[PDB]
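# Structural description and commentary
The primary structure of each chain is shown beneath.
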Amino acid sequence: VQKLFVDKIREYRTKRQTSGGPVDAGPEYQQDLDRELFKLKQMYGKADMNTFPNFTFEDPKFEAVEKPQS
Amino acid sequence: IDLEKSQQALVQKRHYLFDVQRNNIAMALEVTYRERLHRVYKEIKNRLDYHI
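Residues numbered from 1 in each chain as written, not as in the entry; some residues may be left out. Chains lettered and ligands numbered in written order. Part of a larger assembly, values for the part shown. Heavy atoms only, no water. Residues with missing side-chain atoms left out of burial classes, pairs and counts.

Method-wise, the PDB entry is recorded as coming from cryo-EM, at a reported resolution of 6.2 Å.

In the nomenclature of the PDB entry, chain B is known as ATP synthase peripheral stalk-membrane subunit b of Sus scrofa. Looking at the PDB record, one finds the entry titled "Cryo-EM structure of the mammalian ATP synthase tetramer bound with inhibitory protein IF1".

Per the PDB entry, the recorded name for chain A is ATP synthase-coupling factor 6, mitochondrial, and the organism is Sus scrofa. Comment text from UniProt for chain A, heading Sequence similarities, reads "Belongs to the eukaryotic ATPase subunit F6 family." (UniProt positions renumbered as here; feature names shortened; annotations may be inferred.)

To continue, consider the overall build of chain B. Helix and strand counts for chain B stand at two helices and zero strands. Taking 52 residues into account, the globule formula puts the C-alpha radius of gyration at 10 Å, and chain B, at 23 Å, lies well above it. With the C-alpha coordinates aligned to their principal axes, the bounding extent of chain B is approximately 75 × 10 × 5 Å. Buried positions account for 8% of the 52 residues belonging to chain B. When the accessible surface of chain B is split by element, carbon and sulfur atoms take 61% of a total near 5,000 Å². (Helix = DSSP H or I, 4+ residues; strand = E, 2+ residues; numbered from the N terminus. Rg over C-alpha atoms; globule rule 2.2 N^0.38 Å. Buried < 20%, exposed > 50% of the residue type's maximum accessible area, 1.4 Å probe, protein only. Areas by Shrake-Rupley, 256 points an atom, 1.4 Å probe, with all protein chains shown as cover.)

This next bit is on the interface of chain A and chain B. Listed by partner, the interface residues are 21 residues for chain A and 16 residues for chain B. The residue makeup of the side of chain A that touches chain B, split by class, is ten nonpolar, five polar and six charged. (Contact = heavy atoms within 4.5 Å. Nonpolar A, V, L, I, M, F, W, Y, C, P; charged D, E, K, R; others polar.)

Structure below.
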């Protein structure tokens, strides 16, 4: 069916004329890609784009031992 | 003999507690060293992991 071989490539080239993502999204693709974009961040964490690690650690304080001896 | 050897073996017990103190604080300071590096090593992947 090479007449069908040409007819699924030629209506693939029409999909390669794109402006803003989906062609017939409407309220469908706008809600779904925003529902999924939250879920990759919801149970994952709150993370910005480029912020480095900012913290500070304190070690164990070295106490002394009192000892009258001999 | 015992009162001489009571002070003899005591000062070998006094120096044991200073070998143990000198390596414990040297190591407990060192355990926080790479753990400071680990969390920055952790965080530089997580901002990469969120984008990919």
